[PDB]
Amino acid sequence: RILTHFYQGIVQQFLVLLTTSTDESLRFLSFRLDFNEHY
Amino acid sequence: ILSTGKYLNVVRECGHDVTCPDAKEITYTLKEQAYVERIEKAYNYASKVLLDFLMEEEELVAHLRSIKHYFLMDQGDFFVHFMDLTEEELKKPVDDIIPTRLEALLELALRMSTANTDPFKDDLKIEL
Amino acid sequence: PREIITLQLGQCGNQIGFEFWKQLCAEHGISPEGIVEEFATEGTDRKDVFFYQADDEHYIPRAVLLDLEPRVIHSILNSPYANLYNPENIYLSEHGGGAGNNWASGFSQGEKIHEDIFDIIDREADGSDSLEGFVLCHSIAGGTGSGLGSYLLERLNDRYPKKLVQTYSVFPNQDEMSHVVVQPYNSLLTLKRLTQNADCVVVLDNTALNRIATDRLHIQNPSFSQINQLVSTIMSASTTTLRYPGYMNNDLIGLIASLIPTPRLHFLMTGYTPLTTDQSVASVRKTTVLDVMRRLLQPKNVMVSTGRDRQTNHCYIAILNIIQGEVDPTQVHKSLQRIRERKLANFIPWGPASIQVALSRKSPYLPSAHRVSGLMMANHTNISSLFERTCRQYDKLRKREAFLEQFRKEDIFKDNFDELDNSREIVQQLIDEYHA
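Below is the structure:
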């Protein structure tokens, strides 16, 4: 119960903190991680 | 003569191959209006060797065929496969992981409907 | 993607689907046992819409063929087009059936081979994760195609509820009643299942076949070897937007959606003019598209026995005019210009009508890329004349005490005869009510 609460906090923080840098090919990188968690 | 220099610079961008059709160009003669008409038959020939270079390597007609009526929509079997995948995804604006999937679905819808020339259809990009 | 499973069934339904698959190899540029021509991918841009998708560039047909009579399948394996068919998808060698001639035979045989009939035909369903639907390529004539075909119209309605159902069913012949006499009984039992247990049909009359078979074909003794020639071309003609690359109504749920006004009104009139080979010597002079659709609405190519003086109080609602191959599309709007001036189609006074025209490029072949072809899919409200013809031959037979004691011994305990009569009159009354 302590481990899966950490993993749930990791998977949510991995989405937002990947989607902020200065307008390079990150739109390609932000395309890929939402495709993995949902499909 | 301005448009003459524009077409000879296009072929010069490929390589240094053109020569003026006479061995020596003279305008210091009392006839001068028949010499700008042999200047106009010269840039017509520069158009013809540019029209050459369109028809040999570049395929302007195949480029306009691969874009335009296909861009309105010509062969919808490329697009109704992609329209199956506009009904599952395109309900909300794009997220950060969505445009990575949209190019994956365009290339999926390429070969399920059997494109005839693949380097003419990999030039499609996707607006955010 | 858009995979359709054809359900070839009966004595006549198996033969009309045998040359339907044989027609498809000549236009795809493929052989039933090999690939010898390169015209299959450069000329044809889509092939995996009726065939199964390839494992060795061998496009397997997505077909099943069941019949009580083994005579129709024993004339198949000696032909060189049967190696394209598989001996494990439907049956292996020495397949049989009943004795057998009854509507109650195949209606009772569906629940005793219920385990096997829903086992091997469902293996082709999960091959594609987006199934189009089912077409029942069955027959109405005889008790073989009409007895077992009424069972699958019920159990596939709920096990596969989100799939299109629409059939190319052939109507039986009503000239004399000596060889068969059970024709009014087995036809109306399937015709009830074709309206409420089925969405759409494509009618194909038998008395209208020999009207065309002696029109331009010039035969003296009518044989069964001519019934497959008019039928197999218009089957492949109906999927030209679906097989060949088209844009609008390129699916089978595209074409049928734009023509059906309402459920239990789905009987579509078919027309197809070009069937003569000596027309080929004069199509070299640019024969246009302006003359090919003037004769479609003119009742000459029709395959429906209807009244000639009953078209003034009846109105067209939906009419399809399919041109194929060379169209010269700079004058296809010019052909539709001349439609409003004649008013050859009577229009419904309550709502709008529609003359839909579409085109698709044909096969890279010399009899196909030279001669204009016109496929008609009409919908006219004079189709109750066939329903008045079948019902008047139905109630007259029940007053002669014909097949009331010879038909209710097996699996029939109550009188379901007026259950078919009122539902047929419901169709005939709602057709005339539909134009207010």
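Chains as they are written, first to last, in the deposited numbering: chain d, 847 to 885; chain Z, 449 to 576; chain l, 2 to 437. For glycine and all other residues, C-beta sits at the position ideal for the given N, C-alpha and C.
With residue i as the anchor, note down where its beta strand (DSSP E) starts and where it stops.
i, result
"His381(l)", "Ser374 to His381"
"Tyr161(l)", "Premise fails: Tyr161(l) is in no beta strand (DSSP E) and is neither H nor E."
"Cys201(l)", "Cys201 to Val203"
"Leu66(l)", "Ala64 to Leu67"
"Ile324(l)", "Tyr317 to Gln325"
"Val358(l)", "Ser355 to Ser361"
"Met304(l)", "Run containing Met304(l): none; DSSP gives neither H nor E here."
"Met270(l)", "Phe268 to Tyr273"
"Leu132(l)", "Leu132 to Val136"
"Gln9(l)", "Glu4 to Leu10"
Considering just the uninterrupted stretch of the alpha helix (DSSP H) at residue i, what are its terminal residues?
i, result
"residue 1(l)", "The requested residue 1(l) does not occur in the structure, where chain l is confined to residues 2 to 437."
"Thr191(l)", "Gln184 to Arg194"
"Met178(l)", "Note, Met178(l): premise wrong, no alpha helix (DSSP H); not H, not E."
"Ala346(l)", "Unbroken run through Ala346(l): none, as it is neither H nor E."
Is residue i near the ligand SAM, going by C-beta to nearest heavy atom under 7 Å?
i, result
"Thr7(l)", "Absence of the ligand SAM from the depicted structure is noted, as is the absence of any ligand whatsoever, leaving it without description."
Among the options, whose alpha-carbon lies nearest the alpha-carbon of residue i?
i, options, result
"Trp104(l)", "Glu20(l), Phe408(l), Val428(l) and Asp422(l)", "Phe408(l)"
"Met178(l)", "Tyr395(l), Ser386(l), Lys415(l) and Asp419(l)", "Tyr395(l)"
"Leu231(l)", "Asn302(l), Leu421(l) and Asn383(l)", "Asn302(l)"
"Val203(l)", "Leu66(l), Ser239(l) and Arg425(l)", "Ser239(l)"
"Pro223(l)", "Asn211(l), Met270(l) and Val428(l)", "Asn211(l)"
"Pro469(Z)", "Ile574(Z), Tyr483(Z), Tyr476(Z) and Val458(Z)", "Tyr483(Z)"
"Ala41(l)", "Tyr60(l), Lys23(l) and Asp216(l)", "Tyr60(l)"
"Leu153(l)", "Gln54(l), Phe119(l) and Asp422(l)", "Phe119(l)"
"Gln280(l)", "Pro353(l), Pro368(l) and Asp252(l)", "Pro368(l)"
"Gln167(l)", "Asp200(l), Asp176(l) and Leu190(l)", "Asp200(l)"
"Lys344(l)", "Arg362(l), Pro330(l), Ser361(l) and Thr313(l)", "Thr313(l)"
"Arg311(l)", "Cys392(l), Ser385(l) and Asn84(l)", "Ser385(l)"
"residue 1(l)", "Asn383(l), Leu260(l), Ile254(l) and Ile235(l)", "Here chain l covers residues 2 to 437 and nothing more, so residue 1(l) does not appear."
"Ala370(l)", "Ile36(l), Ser361(l), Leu376(l) and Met377(l)", "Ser361(l)"
"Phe19(l)", "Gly98(l), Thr7(l) and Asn347(l)", "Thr7(l)"
"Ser237(l)", "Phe414(l), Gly272(l), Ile36(l) and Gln24(l)", "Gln24(l)"
"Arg309(l)", "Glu426(l), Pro300(l) and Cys316(l)", "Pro300(l)"
"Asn347(l)", "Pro62(l), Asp329(l), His315(l) and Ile77(l)", "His315(l)"
Do residue i and residue j have their CB atoms nearer than 8 Å?
i, j, result
"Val373(l)", "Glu327(l)", "yes"
"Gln523(Z)", "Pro2(l)", "no"
"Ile323(l)", "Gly134(l)", "no"
"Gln16(l)", "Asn229(l)", "yes"
"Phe388(l)", "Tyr186(l)", "no"
"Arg295(l)", "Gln197(l)", "no"
"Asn380(l)", "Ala437(l)", "no"
"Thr215(l)", "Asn174(l)", "no"
"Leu538(Z)", "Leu553(Z)", "no"
"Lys335(l)", "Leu398(l)", "no"
"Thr145(l)", "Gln12(l)", "yes"
"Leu297(l)", "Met377(l)", "yes"
Output the distance between the C-alpha atoms of residue i and residue j, rounded to the nearest integer angstrom.
i, j, result
"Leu478(Z)", "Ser514(Z)", "52 Å"
"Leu276(l)", "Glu883(d)", "59 Å"
"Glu58(l)", "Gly855(d)", "50 Å"
"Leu556(Z)", "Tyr885(d)", "16 Å"
"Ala359(l)", "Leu861(d)", "49 Å"
"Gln357(l)", "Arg217(l)", "28 Å"
"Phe526(Z)", "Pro350(l)", "40 Å"
"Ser424(l)", "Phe519(Z)", "50 Å"
"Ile574(Z)", "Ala563(Z)", "19 Å"
"residue 1(l)", "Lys287(l)", "It is not possible to answer for residue 1(l), since the shown part of chain l is limited to 2 through 437."
"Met531(Z)", "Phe874(d)", "22 Å"
"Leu205(l)", "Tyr366(l)", "28 Å"
"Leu269(l)", "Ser170(l)", "11 Å"
"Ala142(l)", "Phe172(l)", "7 Å"
"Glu155(l)", "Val65(l)", "18 Å"
"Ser151(l)", "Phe225(l)", "25 Å"
"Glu38(l)", "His517(Z)", "29 Å"
"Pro81(l)", "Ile213(l)", "30 Å"
"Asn87(l)", "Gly30(l)", "20 Å"
The region 98-120 of chain l: positions lying closer than 8 Å to chain Z by Cβ:
none
Taking only beta carbons into account, state which residues of the region 243-257 of chain l come closer than 9 Å to chain Z, listed in chain order.
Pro246, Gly247, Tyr248, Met249, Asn251 and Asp252
Against chain d, which members of the region 514-547 of chain Z pass a CB distance test of less than 7 Å?
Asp543, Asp544, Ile545, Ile546 and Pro547
Short of 8 Å Cβ to Cβ, which residues in the region 869-881 of chain d face chain Z?
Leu872, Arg873, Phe874, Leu875, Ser876, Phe877, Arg878, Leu879, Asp880 and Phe881
Under 7 Å (Cβ pairs) to chain Z, residues found in the region 41-54 of chain l
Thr42, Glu43, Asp46 and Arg47
Give the residues from the region 459-473 of chain Z that approach chain d closer than 8 Å (Cβ to any Cβ), ordered along the chain.
none
Looking at chain d, which residues of the region 486-511 of chain Z have a Cβ within less than 7 Å of any of its Cβ atoms?
none
To be precise: take each residue of the region 548-574 of chain Z, compare its Cβ to all Cβ atoms of chain l, and keep it if any distance is under 7 Å. Which residues remain?
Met560, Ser561, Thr562 and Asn564
Along the region 310-338 of chain l, what residues have a CB closer than 8 Å to any CB found in chain Z?
none
Give the residues from the region 361-378 of chain l that approach chain Z closer than 7 Å (Cβ to any Cβ), ordered along the chain.
none
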